[PDB]
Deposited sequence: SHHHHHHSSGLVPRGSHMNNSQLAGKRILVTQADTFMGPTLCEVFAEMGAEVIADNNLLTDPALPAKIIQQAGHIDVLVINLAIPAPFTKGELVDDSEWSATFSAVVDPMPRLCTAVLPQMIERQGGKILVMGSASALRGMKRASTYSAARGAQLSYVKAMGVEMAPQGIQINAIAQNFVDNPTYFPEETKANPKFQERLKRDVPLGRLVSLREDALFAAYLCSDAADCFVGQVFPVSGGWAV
């Protein structure tokens, strides 16, 4: 009858989040701020080769760089893919990554500390139909992280990736899809978890990897896909 009516994990870290208005940008910016980060949100698509170095320059001190990069994944049949689709996908998802890392690494190497987290795709880990261009781009991200993480670990710098799929992302899982019983049957068959990973669950895992507790993780890819890929 009484029952009717009756965080600082990232405190003081300056965290830059790229394409902060799309893919996992909104969830990361919201949850990182709840956990005490100073969030630097940038909304630019990074097709412009000059823009990453300007965004990093202008942000000043960066403790954590979150490389959140995306365009809507092409559905093109693998035998029909053209140079325009390949360049649009790699220009947006792949080419900006080293540009962001080479801009931010000097300050992290100077202070022997810093983190870079890539918000990547489990499409790079497990093959699926009609996603060949996006999968290839996403594989370039994961292999870059595995190599850079081994390389920068001795400098006190942690470079890791999430490899996500079946996250509650409105770009791919709009409410009318989620409400469809054929969708729910497919999801339960394909995803052991039996539901989408929440935006909050994804960002809280990201927040753990951006925390002092995760200093032991270097060059590691973490699948987040409800068991679709582990």
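K.L.:
Relative to the deposited sequence, which regions have no modelled C-alpha positions in the structure?
P.N.:
Holes in the chain trace, numbered from 1: 1-2, 9-19.
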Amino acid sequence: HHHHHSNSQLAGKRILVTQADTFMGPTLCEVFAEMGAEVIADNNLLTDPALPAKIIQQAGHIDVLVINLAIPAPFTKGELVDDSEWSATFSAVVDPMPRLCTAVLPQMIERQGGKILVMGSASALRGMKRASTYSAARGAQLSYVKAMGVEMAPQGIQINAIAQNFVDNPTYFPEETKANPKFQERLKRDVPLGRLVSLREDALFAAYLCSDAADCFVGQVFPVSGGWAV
From here on, numbers count along this sequence of modelled residues.
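K.L.:
Output the stretch having the higher mean C-alpha B factor in the entry; the candidates are 157-165 and 32-40.
P.N.:
Between 157-165 and 32-40, it is 32-40.
K.L.:
Identify the stretch, either 172-180 or 196-204, whose C-alpha atoms have the larger mean B-factor according to the entry.
P.N.:
Higher mean C-alpha B-factor in the PDB entry: 172-180.
K.L.:
Can you tell me which of 221, 11, 216, 209 has the highest Cα temperature factor in the record?
P.N.:
So the option with the highest C-alpha B-factor is 11.
K.L.:
Just grab whichever of 103, 150, 137, 117 has the top CA B-factor as deposited.
P.N.:
Spelled out: the listed residue with the top C-alpha B-factor is 103.
K.L.:
Using the B-factors in the PDB entry, rank residue 76's C-alpha atom against the chain and give the third, lowest, middle or highest.
P.N.:
Answer is middle: the recorded C-alpha B-factor places it there.
K.L.:
Within this chain's modelled residues, let me know which third the CA B factor of residue 109 belongs to: lowest, middle or highest.
P.N.:
Within its chain, residue 109 is a highest-third residue by C-alpha B-factor, going by the deposited values.
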